[PDB]
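Engineer: please find the sequence and an experimentally derived structure below.
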Amino acid sequence: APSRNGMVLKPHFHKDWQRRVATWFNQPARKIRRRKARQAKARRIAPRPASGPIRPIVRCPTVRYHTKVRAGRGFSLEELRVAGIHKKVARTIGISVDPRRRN
Amino acid sequence: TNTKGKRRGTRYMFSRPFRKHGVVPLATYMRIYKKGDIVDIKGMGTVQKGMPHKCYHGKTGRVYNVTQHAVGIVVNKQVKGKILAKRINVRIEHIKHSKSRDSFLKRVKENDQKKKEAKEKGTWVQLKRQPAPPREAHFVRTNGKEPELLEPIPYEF
Amino acid sequence: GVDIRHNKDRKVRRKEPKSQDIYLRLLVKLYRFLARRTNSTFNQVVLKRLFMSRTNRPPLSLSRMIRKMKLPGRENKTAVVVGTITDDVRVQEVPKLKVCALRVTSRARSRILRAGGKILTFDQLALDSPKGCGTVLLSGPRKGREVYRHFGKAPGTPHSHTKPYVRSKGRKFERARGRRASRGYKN
Amino acid sequence: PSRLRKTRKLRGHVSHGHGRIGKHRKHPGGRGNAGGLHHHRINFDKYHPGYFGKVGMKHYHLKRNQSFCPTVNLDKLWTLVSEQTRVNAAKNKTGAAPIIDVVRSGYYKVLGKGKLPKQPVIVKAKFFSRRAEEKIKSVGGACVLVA
RNA sequence: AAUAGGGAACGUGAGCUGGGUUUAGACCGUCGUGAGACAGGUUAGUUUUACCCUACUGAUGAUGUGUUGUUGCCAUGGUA
RNA sequence: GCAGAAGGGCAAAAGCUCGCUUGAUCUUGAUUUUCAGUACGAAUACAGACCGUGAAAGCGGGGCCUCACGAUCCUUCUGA
RNA sequence: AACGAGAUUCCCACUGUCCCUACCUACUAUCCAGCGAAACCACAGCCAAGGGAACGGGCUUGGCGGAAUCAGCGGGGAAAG
RNA sequence: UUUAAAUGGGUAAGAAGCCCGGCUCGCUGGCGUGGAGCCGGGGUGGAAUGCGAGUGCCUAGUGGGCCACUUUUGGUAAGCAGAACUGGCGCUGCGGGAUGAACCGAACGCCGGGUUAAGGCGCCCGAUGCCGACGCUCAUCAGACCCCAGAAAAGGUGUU
RNA sequence: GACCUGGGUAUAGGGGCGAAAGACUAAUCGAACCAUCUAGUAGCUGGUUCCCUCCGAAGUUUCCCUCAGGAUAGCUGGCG
RNA sequence: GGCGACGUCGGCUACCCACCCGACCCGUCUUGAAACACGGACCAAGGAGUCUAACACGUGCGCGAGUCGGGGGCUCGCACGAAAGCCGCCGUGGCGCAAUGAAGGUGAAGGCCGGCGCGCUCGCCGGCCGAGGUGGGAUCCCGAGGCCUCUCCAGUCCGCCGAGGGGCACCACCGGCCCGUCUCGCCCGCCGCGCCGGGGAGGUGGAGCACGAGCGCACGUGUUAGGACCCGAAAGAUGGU
Ligand SMILES: O=C(c1ccc(-n2nnc3cccnc32)cc1)N(c1ncccc1Cl)[C@@H]1CCCNC1
Ligand SMILES: [Mg+2]
Ligand SMILES: [Mg+2]
Ligand SMILES: [Mg+2]
Ligand SMILES: [Mg+2]
Ligand SMILES: [Mg+2]
C-alpha cells in the first residue's frame, strides 16, 4: 500500500467527518445580505460617518511586524486628557475610547 | 540452507596445488604495478590477509590504486540482473601480471616501425592481420612409391 | 515468423504537437515546409523544438544569453531560442543583442529595446534567413527543475543526494535513523 | 470528465484491470502506513531514511515571530529602489550615495553573494554577514546598522 | 461328490436392517490442578423424496406391403 | 602442534620454550562479504595520533583464516 | 428382600421370526367425471474400449438407431434437499 | 588424489591509444630521483560477421507453476518429493501422433495459384490402381512405427 | 399422591428459573427478541456491462508471527 | 464478337430445407475444464472502480523571480445574476527565490597582471575583468581547393567542400565556495583586554552554491484515507419490549 518513491501522509479522516461538513453554498447569499445590513444602516442613522468612529494609530506588537502601523481600538485615555475632551462625551462626539490601554 | 559464508567453496582453489608449498617466491613482491596495469587474480593460500572472494579467483581486472602492501583493482563481478564495476583491495601476493596484453603491445610496436618502413618504400603493405584462410590448392608428390592400403581390423576381445 | 525481439519498432517521439494552439500550428506549417526544403539542419532542429513539451522548452534567462554571446565568435549574430526569454535582475548592463523567440516577457522586452536591441519571433526570422544562417540556437537549463533533484539512485543507499519527499523540511521529519549513526544507522 | 478516463475504456473486460489472481479486494497490506516497522520496512526506508526516532531538543510553544529574518543577498539589492536613482547616483561628481534600507521592504538580513557593481552604497539592515559587508566595503560603500 | 479362491465406486441405504462405530445423556478405569481428553469399556440413541429422462420388465402400438383377415415361413436374440 | 567442528595454511614457521610487553588504544572516511546491490555483524587495505617491540627494515589497531552474535524507543555511565 | 416401559444369559409354554410361502377382506394404487399443485431444470439423455483433470451422455474409433406411449421399476443421471 | 579432458568463465584485439618535448609537487628521496599531474606538438585502415544505439521518468499485472531430452538427490518405485542448463505448455491456434496441455513438424491479417515439412500412399481417407527391388517369417494369444498405454530370466531337430 | 388443572400475582439477558439435560425464557438459547452505532472488519469465495488497432508478461531474489498475503528487485507498458 | 420477353433475368437478407467436411457448454478459480468441480429453467428492466481531500508525475494553457484573490469590500432596488466586472496604502497571506545545525547561531566568487614583507609551502597591495577548467557535444562561422559554348579581363551567387574556430542543453571528471564536526596552527580587531570576538590550512558529514524557474489552473494515471468496485458473516455495544 506504500509504493515507489512518494510522500508519507497523515490525512485526518479516520474521525467521522461526513456529518460535520459546512458547504458554502450561501457565501454569495450572505454577501448580498450584509450589504443590505450596511446600506440600510448607512442611510438609517445619519450623516454621521459610516465605517465606525475614528480609530487610533497603533504599532504592531512583534519582532515580525513592528515596522508597520495598524489601526487599533481606541484612544488610550490620556489622549482624551491631553487634547482636553471629557471621557464620556468622546464616544458621542464619535471618537472610540479604549479604557484599559497603556501609553 | 546453504551457509552464506566467506571462504566456502574453496577446498581446492585457495591451496597450492602441489609440491609448491612453503613461503612464496620473492619475485611476487618484486613486481611493479602502476595505475592502469591490467592484472588477473589467483589467490594464494599462504597469505591470509587480503584474499578477495571466491567470486574473484580467476577474474582479470585493472589497477586504479597502489598502496604500501595492497593494490586496488576494479573488476566486473556478474550479479543476477546485470554486472557491476566493483573495486577490491587485494594484497600483492594474490595477483600477478596479465600476459593477455603482451600480444597487443608487441603487435602495435611492430605496426609502428613497420608502418613507417613501408611508408618510405612506397606501397600498400596491408599490415592488418587476417583470420586463418582456407587451404589454397597445394600439390602432393608420390615419389616413386605408391599409397599403402589400409582396411578395418577384425573384431577381437 | 521472423525473430524474438521485444519491440521498440514503434518510435515514440513527437510528430505533431499536442497543443491545440493555432498560432503554433501556423509555425509548424511554416517550418516543416522549410525543414524538408532547406537541405540543411537548422530548420530541422527548430522544427523539432516546436514539438517539445512545456517542460522541455525551459525558460531561458536573459543572463545565460548575454554570457554565451560574449564568446569569441558571437559578436553580431542573432541569437535564436525556442522558448521564453525571461529577464534576470542579477546582471546590471544589457547590450544591444538581437534575439528571436516565442514570448519574451513584458519586462525583458523593455530592457532589450531600451538598450537598443531588437526582438523577433519565428516569422520575421524566415524572411531574414530561410537557412537560419548566422545564428546561435540556445536553450535553457532543461534539468533545472526541482523535479530532477528528486531523481537519482534511491534516497537510502550510500551516496544518495536525492532529496526525499517530506511534507515539511524541519526537525523530526526524516532525520532519526538512516541519517545519523548515533540513532540506528547511517546511509 | 468521465469520458476521458479509464472506466469507460475498461468496461467490458471482466476483471476490470486488477488481475484474475490477486483480484484486488479491500486492504491487503494494512490501512495507511501500516507496518512501517515490520513488513513494509524496505519501503519505509531507502525511500524515507530518518523516519523513526527522536532527533532534537524540545522547545515548548515556539513562536513563529522571533526566528523571523527574511534575507536578501546583494544581487536583489539594487532592485528594491527605482533604477532611476542607481544611474543617477552613478554620475561622476562625488560619492553621491543613496540609502538602501531593506527594513522598509520586508527584509532584515543582508547575506553575502558576489557580483555587486561599482557604485558607492549605504545599506540600513539589522543583520549583516561578514561576507556581505566586505562586498559593500570594497565598492567604496558603507554599512550603517540600525534596528 | 465338494464344502475352491475372487472382482463388479472395499457390488448392493430414494433396496432394508442399526448391532457396532460416529453427535448430544450417563457410569468406571488411567492421564490432567482444572475445563476435559482417551483405534480403552458399556448402556440409551429421528435413517428423508421418485411423479422427471434413461436402463429394464410387461402393455397398446408405428412405418412399409391397395384396404382387410386367416394359415404360415425365419433373419436374428435367449438358453438347462 | 596451531584452545575447541571440519577444511585450508605453516619448519631457522602461524608450532615449542625464552625476554619484554599492552595496538584487545583514540579518530574520519573508502571498499569487500550475504545484498535489493539496505542494515547489523565480520573482514580488507589505508590516513591522522599516541605506543610497543626489534640493533634494524619492519611488524602490531585482538585470536593464522572461514562462525562465536542484536535496531528505534527507554535506562545507565563517560566525554568538552 | 421388595421394586424397575433398566441392561444381559438360559429354560418351559407358545407361535409364520423361519424352513417356504400361500390365500382372503378393507382402504388406496389402477381407469373414468370434476378440480388440479410443488420438488427440480445448461443443453439433453442407448453402450464398450481408448485417451482425458487418471470412472463420459456430448469428443475419437467401434457396436448401432425409429413415431407417440401406459402400469410398474429402483442399476444409473458420481440424482434432488 | 599425482595427472586431467570436452563444455564453461574472465580479459584483450588502439586515437580514451602510442611517442617526443617542457613546467607543478607539501609525496618519494645518494642522484633534474621515482610516481602522478598538467601544457604543447606529431600520425586513424588496426580479427570475422551482424546491427542504429544511449539515457531519464512514472507504473500496471505477477509473487500457487508444471512437462520434456540430458546431468543428478532422497526413494524399492511412481503420472512421486526436490534441483541445475535450455526448450516448451500456461498465453498458442494449425498439420501429424486414431483420441490428448506438454510429443514430432511449424508459429496465425483475409484470400486465389504453386511447392514441401513431420508424416503417409488396401478401403474408411487425399495419395503406389508402381508389371517397385532384395531377403525373412505361419501364430490353436502372429506381428504391425519416438514419448505411448502390456514384459523378463530360461528353452526349441519351428527356420534361415 | 413429591398428583393433575383454570385464573390472579411475582421473578427479565451475563439476567430470571432449574428434583440438574447447559433444559426452559412466545416454533428463536453454550446467552432471547426489537431498534440504532453500522453500508461494522474480512490476507476469503461469488460477480465486475462496447468494438477495433499496437505492445505484451509473471510464478524467482531478499526481509516480515511471512507460507492463501504484502513490501523490494526482476519481467511489462506509456511518455519522452 | 455471340446468345434471350408477359413469365422471365439478376440478387440477397436474423428465411426454410437437403448434403459433405469441421465441430464436447458456456462464466470461473486452476500447472491443469467438456468435466463425475461450482453457478446457470426461460424473458424483460434494475445492477457494480464513484466522489471529496492530500500527494506524486506526465501533458495543456496564462503569467513569469515572482505568481495567486480562494476571504472580505465596490457597482441600482434587476429574470439568465449564487453569474460576470473591478480593487492593490485589499498582497494580509500561501508556495517559490537559501541552505545547514540538536541548539545558541551562521548563512554561499573566484579569475588575470604588476608591485612587494627570509616571494618563506605562509602570505600583503592596486589594476582589469568576471561565474573556473578538462573531454565529448546537434547547430552556427571561417574555409585551402574544385565545379559554367574558345583561351586572358570581374561580379551577388550556388553546390561538393579537406581541415580549423567559437561552443547550447547535457553526461563524466578536476577545482572552488556555504553550513555541521575533527586534526594542526599562527595572526588580527576593540562600546573596552576577557575561560573576548574574527580568520587560516588540511579530511569528512549536508535534502546546498556554481547567472534563478516557480506559482496558479485544467486533464490523465497511480497510491493512500474516507462506507471506497458491488455483495457477505460468528460477533461487539448502547437503549428498550
Ligand atoms: O417429518 C419429519 C421430517 C422428515 C424429513 C425431513 N426432511 N429432511 N430433509 C428435508 C428437506 C426438505 C424438507 N424436509 C426434509 C423433515 C421432517 N420427521 C422426521 N423424521 C426423521 C428425522 C427428523 C424428522 Cl423432523 C418426523 C419425526 C418423527 C417421525 N415422523 C416424522
Ligand atoms: Mg491495472
Ligand atoms: Mg487483486
Ligand atoms: Mg423359428
Ligand atoms: Mg469451461
Ligand atoms: Mg450485548
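Structural biologist: Right, received. Where do you want to start? Numbers count the residues shown, from 1 in each chain, chains lettered A, B, ... in the order given. Ligands and ions are numbered 1, 2, ... in the order given.
Engineer: going by C-alpha atoms from here, please, whenever you check contacts or count neighbours.
Structural biologist: Will do.
Engineer: quick one: strands adjacent to the helix or strand hosting residue B:74?
Structural biologist: Using DSSP states H and E, residue B:74 maps to strand B:70-78. Its sheet considered, strand B:70-78 pairs with strand B:60-66 (antiparallel), strand B:83-91 (antiparallel) by DSSP bridges.
Engineer: all helices for chain B, in order.
Structural biologist: B:102-109, B:113-119 (DSSP state H).
Engineer: make a markdown table out of those and add distance to RNA strand F.
Structural biologist: Below are those laid out as a markdown table (distance: least, CA to the nearest atom of the strand, whole Å):
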| stretch | distance to RNA strand F |
| --- | --- |
| helix B:102-109 | 27 |
| helix B:113-119 | 40 |
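Engineer: just to revisit the earlier point, can you tell if the strand holding residue B:74 touches RNA strand J?
Structural biologist: No. On the criterion CA under 7 Å from any atom of the strand, strand B:70-78 is out of touch with RNA strand J, staying 14.9 Å away.
Engineer: check whether that strand contacts RNA strand F.
Structural biologist: Yes. In terms of CA under 7 Å from any atom of the strand, part of strand B:70-78 sits within range of RNA strand F, namely B:70, B:71, B:72, B:77.
Engineer: now, which of the residues you listed lie close to RNA strand H?
Structural biologist: Applying CA under 7 Å from any atom of the strand to the residues of strand B:70-78 next to RNA strand F, none is adjacent to RNA strand H.
Engineer: list just the nearest of those residues to RNA strand I.
Structural biologist: The shortest approach to RNA strand I among the residues of strand B:70-78 next to RNA strand F belongs to residue B:77, at 15.6 Å (CA to the nearest atom of the strand).
Engineer: dump the residue contacts of the closest one.
Structural biologist: By CA atoms under 8 Å, 6 or more residues apart in numbering or on different chains, the contact set of residue B:77 is B:55, B:56, B:83, B:84, B:85, B:86.
Engineer: please enumerate the helices of chain D.
Structural biologist: So, for chain D - with DSSP H - the helices run D:6-9, D:41-44, D:83-86, D:130-134.
Engineer: contacts only, for residue C:95.
Structural biologist: Residue C:95 touches C:66, C:112, C:115, C:116, C:117, counting by CA under 8 Å, 6+ apart.
Engineer: related to what we said a few turns ago, compare the residues of strand B:70-78 next to RNA strand F and tell me which is most surrounded.
Structural biologist: Comparing these by number of neighbours (other CA atoms under 10 Å in any protein chain shown), residue B:71 comes first, having 23 neighbours.
Engineer: go ahead and confirm it touches residue B:63.
Structural biologist: Yes. Counting by CA atoms under 8 Å, residue B:63 is a contact partner of residue B:71 at 6.9 Å.
Engineer: just give me the neighbour total for the closest residue to residue A:69 other than its chain neighbours.
Structural biologist: Once flanking residues are discounted, residue A:69 sits nearest to residue A:59: 4.5 Å by CA to CA, 6 or more residues apart in numbering or on different chains. For residue A:59, the neighbour count with other CA under 10 Å is 13.
Engineer: write out the residues of chain C neighbouring chain D.
Structural biologist: C:89-90, C:92, C:154-157, C:164-165, C:171-179, C:183, C:187 (CA under 8 Å from any CA of the partner chain).
Engineer: can you tell me which residues in chain A are near RNA strand H?
Structural biologist: Residues of chain A lying near RNA strand H (CA under 7 Å from any atom of the strand): A:3, A:4, A:5, A:6.
Engineer: related to what we said a few turns ago, closest one of the residues of strand B:70-78 next to RNA strand F to RNA strand F?
Structural biologist: residue B:70 (4.6 Å).
Engineer: any idea how far residue C:177 is from the residue in chain B that RNA strand I sits nearest to?
Structural biologist: Nearest residue of chain B to RNA strand I (CA to the nearest atom of the strand) works out as residue B:81 at 5.9 Å. Distance, residue B:81 to residue C:177, by CA to CA, to the nearest Å: 30 Å.
Engineer: neighbour count for the two, which is higher?
Structural biologist: Using other CA under 10 Å, the more surrounded residue of residue B:81 and residue C:177 is residue C:177, with 22 against 6.
Engineer: contacts only, for that one.
Structural biologist: C:183, C:184, C:185, C:186, D:49, D:50, D:51, D:52, D:53.
Engineer: biggest separation within these, which pair?
Structural biologist: C:186 and D:53 (13.6 Å; CA to CA).
Engineer: just to check, residue D:29 is in contact with residue D:36?
Structural biologist: No. Contact criterion CA under 8 Å: residue D:29 and residue D:36 do not qualify, at 10.9 Å.
Engineer: nearest to chain C among the residues of chain A next to RNA strand H?
Structural biologist: residue A:6 (6.2 Å; CA to the nearest CA).
Engineer: SS state for the closest residue to RNA strand H within chain C?
Structural biologist: Across chain C, the shortest distance to RNA strand H (CA to the nearest atom of the strand) belongs to residue C:1, at 3.4 Å. What DSSP: H, G, I helix; E, B strand; the rest coil gives for residue C:1 is coil.
Engineer: re the thing from before, same drill for residue D:29 and residue D:36, tell me which one is more crowded.
Structural biologist: Each of residue D:29 and residue D:36 has its neighbours counted (other CA under 10 Å); residue D:36 has more, 16 against 13.
Engineer: what sits against residue 33?
Structural biologist: I'll assume chain A. Not one residue lies near residue A:33 by CA under 8 Å, 6+ apart.
Engineer: meant chain D, my bad for not saying
Structural biologist: So residue D:33 contacts A:1, A:2, A:8, A:9 (CA under 8 Å, 6+ apart).
Engineer: go ahead and build a ChimeraX selection from the buried members of those.
Structural biologist: Here is the ChimeraX command that selects the buried residues among the contacts of residue D:33 (16 or more other CA atoms under 10 Å in any protein chain shown):
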select /A:2,8
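Engineer: so which of the contacts of residue D:33 reach RNA strand J?
Structural biologist: With CA under 7 Å from any atom of the strand as the criterion, the contacts of residue D:33 include A:1, A:2, A:9 near RNA strand J.
Engineer: roughly how far does residue D:97 sit from RNA strand H?
Structural biologist: Distance, residue D:97 to RNA strand H, by CA to the nearest atom of the strand, to the nearest Å: 42 Å.
Engineer: what's the neighbour count on residue 55?
Structural biologist: This is for chain A. 17.
Engineer: actually it's chain D I care about, not the one you picked
Structural biologist: By other CA under 10 Å, neighbour count at residue D:55 equals 17.
Engineer: what sits closest to it if chain neighbours are left out?
Structural biologist: Nearest non-adjacent residue to residue D:55 (CA to CA, 6+ apart): residue C:176, at 5.5 Å.
Engineer: near RNA strand I, which residues of chain D?
Structural biologist: Going by CA under 7 Å from any atom of the strand, the residues of chain D near RNA strand I are D:8-16, D:20-29, D:38-44.
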